[PDB]
Structure formats: structure tokens, C-alpha cells
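# Architecture and fold: a report
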Amino acid sequence: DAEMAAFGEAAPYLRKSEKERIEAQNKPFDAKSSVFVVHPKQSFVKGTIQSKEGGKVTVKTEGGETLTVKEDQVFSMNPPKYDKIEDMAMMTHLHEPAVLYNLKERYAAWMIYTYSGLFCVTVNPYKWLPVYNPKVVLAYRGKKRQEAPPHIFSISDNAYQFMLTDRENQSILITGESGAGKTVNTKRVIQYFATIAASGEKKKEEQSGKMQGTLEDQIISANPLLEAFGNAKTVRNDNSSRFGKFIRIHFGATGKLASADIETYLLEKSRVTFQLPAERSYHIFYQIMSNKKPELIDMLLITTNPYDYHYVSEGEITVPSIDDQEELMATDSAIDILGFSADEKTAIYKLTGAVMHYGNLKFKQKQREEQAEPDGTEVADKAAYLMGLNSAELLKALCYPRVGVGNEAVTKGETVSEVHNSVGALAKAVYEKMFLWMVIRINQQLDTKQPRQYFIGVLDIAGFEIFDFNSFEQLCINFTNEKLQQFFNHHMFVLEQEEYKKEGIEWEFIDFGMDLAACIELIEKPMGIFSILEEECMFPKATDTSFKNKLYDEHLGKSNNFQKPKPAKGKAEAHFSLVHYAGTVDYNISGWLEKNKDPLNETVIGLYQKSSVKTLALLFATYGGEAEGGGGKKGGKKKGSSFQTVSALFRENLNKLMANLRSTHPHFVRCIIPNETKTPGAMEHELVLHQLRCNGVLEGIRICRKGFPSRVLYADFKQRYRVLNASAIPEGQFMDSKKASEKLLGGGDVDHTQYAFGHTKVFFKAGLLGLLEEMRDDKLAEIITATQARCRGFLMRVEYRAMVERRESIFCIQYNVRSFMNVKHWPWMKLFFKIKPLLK
């Protein structure tokens, strides 16, 4: 309360009033009866234990329901002291339910940031909050996470701190499902950096501030370009990230901004050509056809009605929450700031329209032949011109692909179906490349000469998602995540072990990563999936089926993580399941071989390679330089620098990454999505539960509980408990951030067993907190019983003062009555009586 001011307005969403707290922690609780329990419809609901069937349990509900469930379908419930705990990992009850429940409660209260160990859980508000508030930004500035409530800037600042304090590079790993809202965070983190450590001095003035011509802006401006090209309306989000990314913010020596570095991973090439019914393609398209810059429409030779471009109107065209017109400029302007040449800025556009046109390219069967022949030179003409090509040459290459089988170049004829498909392949190919280029070009501007001493990497990618249908793309992502996870499990193992070393506890344990090495080797190692995948790609006459068998003959029965599918449930077909940390994933191998080969009509590429549109020409260069290497039929593309695998890079890139991640001090952020239905203050259970498993959150709790569940960070320990032996615990905490907590525990009639210290934190049992209380319980009997007595004593002590006072007033009353009883019958007195009145 006193503290909170900085936020003030945000406060309510960060922390609760000091009595709201108090009114919550200090309330009646019946441990032995209060519990969490399994539940057929709702995941886990709370209840009170009624009876006990010797190994069955009957419980009441909170809604009113009675169920008799197993002994282990029943889970304890944390004392009220742990209501809306900033760090669930401090709880003395490391369960599945308690975690779900904590998140949930502090959300219904509008607190989106709750920590779960090292993580920084984040829940989609689905509404607006004063959190990103320009006041907060400062507030979180220079504060350990124990000096402030759960928030992302905490993570983000600490990184910075740590950056300069330890002289190590840092990282932030943001991860969640499609609708979790990571971009948003990522972006928000980024602003944070830019703000708190900028100072271009000259660039700071209110004169076209943030326009092209400064980075802090470039840095920023970056996003809105990428977003136009790599973002789209998903059925979950309205601006979903259809690719992954890694930015390196290169801080200087002083500590002020110096450089940036983007890298893109796994772009959703398919959107370019397809789209689900409730979705839509990349924005750009819709941006452009919006008509805010009419020249563009005529320049590209298109219309404003998307239904003229099959490729981009298979799903939806308009989204209410998006103003395509505004963005177009945003985009536009960003390009400029980004330093692109008008020409390039022209290529981009012109090139983005060609692609639309391609999808309009039509063909027909030559008569009496099964060959494809152009169905007109209306569109080709446009595509051709827009790309700096020749209509004819183009349609030929497309129709009569001139190949090179043997030591020559053999002209091959294609079918209608073959063309339509090849076209689509280029459309996608071109878009991609371009996108890649843009990134590079961005990076290029984001390159300064100033020295760099450290960087802070911000990684944004998807998390392990399980679908009834898992294809190639899923493997690639899952694999990424299963790696990332191990990356953590280790950091934690390293980390943990420091405490027990700092404190002096005697705990031995094996790396937690190790548990996952099994799965990883199976994928990335030599006779593993990828290899078998990338070898077969060399066999001119291999089949998905072929590949499949090779997969089995070699891994089946011999490998544990390897399994043959469970074809039924919500799944669509059979091929192979894997046993990832998050669970079993059923993978379908169909298209892999192809997808992995990235087959492109080289004749056409030829044309690109010699376009009048330099940029287009450029994008293709690297294909043109490896052809030397795969001159004759069969063989190896790599000889000339051409990719041999769809997967060959992914790995290379994923390695270059995980390596960059190592020379880093990992900082974790887990983004969460409350309800599919888009409702603030709500949460489907099992939906959040899922995420938690695949997040790493539930695995961090596990590793924590091995053991000594709740683990308190030292400052977080000082503040909250100094008050217990106030003098001696405060001194300890202040005198040595760690040594303090040590010193503190000096007092209390508590089990000096139940805990254990170490380099970054204390370890504590539960049934520990349970132990604590008990001691406490006895200590009040003392306190009370004694306080009762005095009272009791004192109580009667006042009775004597009254008894005594009364002493005479009674007598007076006593005797006085007696008189009368005697008198009232006496003549003389009756006389006086009748007579007493006549007097005066």
C-alpha cells in the first residue's frame, strides 16, 4: 500500500490491498477435511471430505455434489496463507490442482502475472489493462523480483541488471499456443529495452520521432513489416504469428543500445496458397487491396475484390478488429524507416502481386495429348511483367520443364495437375525467400559500427502443440521444444545444486535434462528419424511408404521412445508415435519426402535468376550457385550448395540457436490462453491444464517437489517473514540477503529439519508447513491459556469490588423491610398511616 504508488493505478492488477490480503490469509481453515478432487466433467473441483471408505473417498463439492473417488483422486489444499501467491513454487502443496487453482484465482481478480518457479506465467486478459503503463515501466526499474509483484518487466529488467552485474549475456524465452498472445509480449518486452536504455541523444527529439532514420525505431518498426508478411488471422488470434523469431539486442559497454539481430524460423508457406474457412492469409494482401494507396492497385494490376485471387480468399477477407487501410501505411512507412530502396520497396510490392496472379494462372489439356498447354496469356502477361520476365519463356518453362537427367538437359512435359502444383510451389518459394531477404535487409540496417559487449536474446516460437493430426511441421516444432525444455531442466539442475551448496545441505542429484536425451537422440542422431528422412530423399524412387519401413526396421522394437500408433481416439491415421516429455505424439508421414525435397522447377528459377527485377534476381542466387553440384540425374544437391533435406537446415539453424541460447543466462516466460471462447476473467480448466504440461510449468513443479516442494527465494523470504523475530530476522535479511534468512530461522519453535538452504533459496517441506503450524498451535495454548487466566482472575477481582460496595446497601434494604413486616400490623402504626396524610 505504502509501497505501491509508482503503479498506483495499475496496483490493483499487480497486487491487492493490504487487507484484501489479510482478510484472505487470516481466515478459518480445516486442513484434514478441505481438499481438491478429480472430476469427470470439470477437471478438478474443490470439496470437503465427508467420509473415508478405507481407500475410497466421499466428498462434497463446491456447487454441491457428492462423489466417492479413489484415495489418489484426492489432493490436499493449501492453507489460506497461500491464496494468490506470487510464486506458486512457494506453496507447500505442489500438486496439479493447486497450480491450476492459483492461476485461476488471481485471474478472476485480474492478475495476469503469476510466477511458477522461474517462469513468469502470463494469462490473456482479453481486455485492456493499465499494466503496460508508462508508470510501471519505471517502477520495475532497478527492482529484484522480490521487491515487486509478478510482472514481465520484472523479468525484463532483471535481465538487464544481471546483464551488467554478471557480465553475461541473457535470454528470454517466450512460448505458448497460437492464441496465448506472445508477439504482444515480445513486442512489449522489446519496447522495454529500447526505453530503459536508449539515448541516441540526437534521435530523441520530437521531430519525426520514431520515423525511419533512427533504430530504437528501426528496432521497433521492424515488427509491423514482418507482421504484414508473416502474420495473419488465425481462428484463435486475429494477428497470429505464423513464424518464429529470435532477436539479439546488442547492448553496448556502457549499457546503452548498440545493435539488433533478427532470425526467422519456420514460416507458414501454406497460407500463401491456402487458408482455412475461418482464417485468412497474410495481412499484406488484404492491406494492399484495401485501397489506401490506389496507385498500388494499378501498379500491381489487380483489383480491390479479393475474390479475384483464389490464393487469398479461400477463407475470410475481412476482420472487424483490423483496419487494413491504416496498416498499409504502417507497413509502408516502416519499409522506409527500415532503409529500403524505393525500388526494393517497389520490388516487394510488385513481387507480392505477382504471387496473387500466379494463383490465377490457368491451364488446359492439349488435345489428344495429356499435356498442359496455357489457357491464355492474360495473366501470365502481368505476372511476367511484374517480375521482369517474358510471358512466353515463362509459360514454356512451366509447361515444358527442361530438365537435366544424365549429363545433359532433357526436356520434360507436364500435366495440367503438375503445373498448377508447380506454380503454387514457386508462389510459395518466392514469397518465402523474399520474406527471408526482407529480414536480412532489416538486419543490415540494424548493423552499426559501435562496439558490442553483450546482448539480450528474445526468442519467440511456438510450444509443443498436440493435434489429432501431427505432420512434419509438428515434429520440427516439437523437436524444438523438447530441446528447449531440456535446456531448462538443466539450468534448473545447475541452479538448484548451487543452493544446496550455498546452504550446506547434502543433496545429490543427477541432471534433470538427462531424462529427455533419449527422445532427442532418436530424432537428431545419425540413424535417427531425420537422417532416415533425409537419406531417402536421395533415392530417386523412394516412397513415403519406403521411408516408413526404413523407419521401423531400424527403430522398432529396438527403441523405447519409438512406437507404432494408436490409430483411434481423436486421431486420423497411423504411422508412428514418439514419447516426448509432454506426452505421446502420433505422427503421420505423408508428404514428408516431398515437403522435405522442396521441389522447384528449375527452368523457371532460371528465368528469375536473370530477371530485370534485380531483387527477384537476387533472392534466387543461392539456388543458381549450387546447380554446379547436382549437374546430373540422381546424386547430391549439396555438392553445389543446394539443400539435400527439408530438415537439413532446420537442424543447422536450430543448432546455431541452441548454441546462442547456451552462452546465455536463460530467462523464461510462459504465455497462457484462458478460454477458446475469448472471455476475460475466465478459464477452461483442462485447457489451461494442458498448457501447463507442455509448458514446462508442471515439470518445474515436479523437479521442485523432489522432496522439498516449496522453495523460497531469499528476499522474497525476508520481506514476508522478517516480522516473525522481527529484530533478528530483519538484521539477517538486510545484513546478507541470503545469510539473513539463515539467521532468521534462528527463532521459532519450528522443525529445523524440514528446511534446507542453498545458493539461491531455501527448501522447505509441506507436510512441513503442517509441521510448522503444529508447533505454533502449542505456542498459543501457552499464549492463550495464560491470557485467559489473568482475565478470569481479573474478572472476579471486579466482582469483589461490587460485592463489597453492595455490603451495606443490602443491610439497609435487609433490615428496612423487616421493620415493616412487624410494624404494619401495629395499631399505632396504622393510625399514623391513616393520619400521615392530614399533615403538612
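Header annotation of the entry names cryo-EM as the structure determination method and lists the resolution as 70 Å.

### With respect to the packing of helix 12 (residues 342–358) against helix 15 (residues 416–445)
Look at helix 12 against helix 15: their axes get within 9 Å of each other, and the N-to-C directions meet at 160°. Put simply, helix 12 runs roughly antiparallel to helix 15. Considering only the axes of helix 12 and helix 15, their crossing is left-handed. For the pair helix 12 and helix 15, the contacting residues are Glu-344, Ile-348, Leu-351, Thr-352, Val-355 and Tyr-358 in the first and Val-423, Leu-426, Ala-427, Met-434, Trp-437, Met-438 and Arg-441 in the second. Residue composition of the contact of helix 12 with helix 15, grouped by class: ten nonpolar, one polar and two charged.

### A few points about the environment of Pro-666
With respect to the helices and strands, the residue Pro-666 is situated in strand 20 (residues 665–672). Each C-alpha atom, one on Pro-666 and one on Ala-397, is 50 Å from the other, the two residues being 269 residues apart in sequence. What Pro-666 contacts, discounting residues up to four positions off in sequence, is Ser-171, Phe-487 and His-491.

### A word on the packing of helix 16 (residues 472–503) against helix 23 (residues 648–662)
For any two helices packed against each other, the geometry is given by the interaxial angle and the distance between the axes. Interaxial distance between helix 16 and helix 23 falls to 12 Å at its minimum, and their mutual angle equals 20°. Taken together, the axes of helix 16 and helix 23 are roughly parallel relative to one another. The two elements helix 16 and helix 23 cross, and the hand of that crossing is right-handed. Along the contact surface, helix 16 presents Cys-476, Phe-479, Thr-480, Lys-483, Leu-484 and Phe-487, while helix 23 presents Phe-650, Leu-654, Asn-655, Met-658, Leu-661 and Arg-662. For the contact of helix 16 with helix 23, a count of residues per class yields eight nonpolar, two polar and two charged.

### Notes on the UniProt feature "domain: Myosin motor" in the chain
Residues annotated in UniProt with the feature "domain: Myosin motor" correspond here to residues 83–777. Between the C-alpha atoms that bound residues 83–777 there is a distance of 21 Å. The span itself is 43% helix and 11% strand.

### Thoughts on a nonpolar patch on the surface
Side chains of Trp-826, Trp-828, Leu-831, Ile-835, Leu-838 and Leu-839 sit close together on the surface and give an oily, nonpolar patch of about 720 Å² of accessible area. Assignment of secondary structure puts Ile-835 in helix 30 (residues 827–835). Taking relative accessible area as the criterion, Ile-835 reaches 40% and is therefore assigned partly exposed.

### Quick notes on the nonpolar core
Counting residues in hydrophobic clusters, the biggest one holds 121 residues, and the most contacted among them are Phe-229 and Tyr-608. By residue number, the principal contributor to this core is helix 15, which donates 15 residues. Look past the residues within four positions of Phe-229 in its chain and what remains in contact with it is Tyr-282, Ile-284, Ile-348, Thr-352, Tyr-431, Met-434, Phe-435 and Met-438. Counting 80 residues, the second largest nonpolar core, distinct from the first, contains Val-45, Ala-98, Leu-551 and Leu-593.

### Side note on helix 3 (residues 97–105)
Counted residue by residue, helix 3 has seven buried out of nine residues, so it is predominantly covered. Buried within helix 3 are the following residues: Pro-97, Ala-98, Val-99, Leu-100, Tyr-101, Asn-102 and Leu-103.

### So, the pairing of strand 7 (residues 120–123)
Here strand 7 shows no split at all, with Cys-120 and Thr-122 on one side and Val-121 and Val-123 on the other all buried. When strand 6 (residues 113–115) meets strand 7, the two strands line up antiparallel, connected through three bridges. Its bridge partner lying in strand 7, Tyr-113 is registered against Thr-122. Two successive antiparallel strands, strand 6 and strand 7, enclose a turn made up of four residues, where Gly-117 displays a positive phi of approximately 110°.

### Some remarks on empty space enclosed by the protein
Estimated volume of the largest cavity: approximately 70 Å³. If you go around the largest cavity, the residues you meet are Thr-175, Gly-176, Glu-177, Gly-463, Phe-464, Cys-671, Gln-691, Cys-694 and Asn-695. It is helix 24 (residues 685–695) that provides the largest number of residues to the lining of the largest cavity, a total of three residues. Among the residues making up the lining of the largest cavity, the classes are represented as three nonpolar, five polar and one charged.

How each quantity is defined
- Sequence order as written determines residue numbers, which begin from 1 on each chain and need not coincide with the entry numbering; residues that lack coordinates are not included.
- Every figure given here refers to the displayed chains, which form just one part of a larger assembly.
- Neither water nor hydrogens contribute to the side-chain values; these are computed over all heavy atoms in the structure.
- Axis lines are fitted through C-alpha atoms, for helices just across the contact stretch, and the angle between N-to-C directions can take any value from 0 to 180 degrees.
- Helix and strand definitions here come from DSSP, where helices need a minimum of 4 consecutive H or I residues and strands a minimum of 2 consecutive E residues; each element is numbered from the N-terminal end.
- Reported orientations rely on four angle classes, namely roughly parallel under 35 degrees, roughly antiparallel over 145, roughly perpendicular from 65 to 115, and oblique for the rest.
- In this scheme the crossing of two helices becomes right-handed for a clockwise turn of the near helix relative to the far one and left-handed for an anticlockwise turn of less than a right angle.
- Whether two residues touch is decided by their heavy atoms; if any such pair falls within 4.5 Å, the residues are in contact.
- Charged means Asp, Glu, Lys or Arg here, nonpolar means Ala, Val, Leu, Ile, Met, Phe, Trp, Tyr, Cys or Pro, and polar covers whatever is left, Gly included.
- UniProt positions are given in the numbering used here, feature names are shortened, and annotations may be inferred rather than shown by experiment.
- Each patch is assembled from residues with relative accessible area greater than 30% and no salt bridge, linking like charges that lie within 9 Å and nonpolar side chains (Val, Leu, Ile, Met, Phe, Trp, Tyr) that lie within 5 Å.
- Computed with the Shrake-Rupley method and a 1.4 Å probe, the accessible areas treat only the protein chains shown as cover for residues.
- When a carboxyl oxygen of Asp or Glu is within 4 Å of a side-chain nitrogen of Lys or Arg, the pair counts as a salt bridge.
- Each residue's exposure class comes from its accessible area (1.4 Å probe, protein chains only) as a fraction of the maximum for that residue type: buried when under 20%, exposed when over 50%, partly exposed otherwise.
- As used in this record, nonpolar core signifies buried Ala, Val, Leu, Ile, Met, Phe, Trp, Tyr and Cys residues forming a set joined through side-chain atoms within 4.5 Å.
- When DSSP finds two or more bridges between two strands, those strands count as paired.
- Cavity: a set of points on a 1 Å grid over the protein atoms alone where a 1.4 Å probe fits but cannot get out. Pocket: an open set with protein on both sides within 12 Å along at least five of seven lines, its lining residues, like those of a cavity, having an atom within 4 Å of a point.
- Grid points are joined across faces, edges and corners, and a volume is the space filled by probe spheres set on the points.

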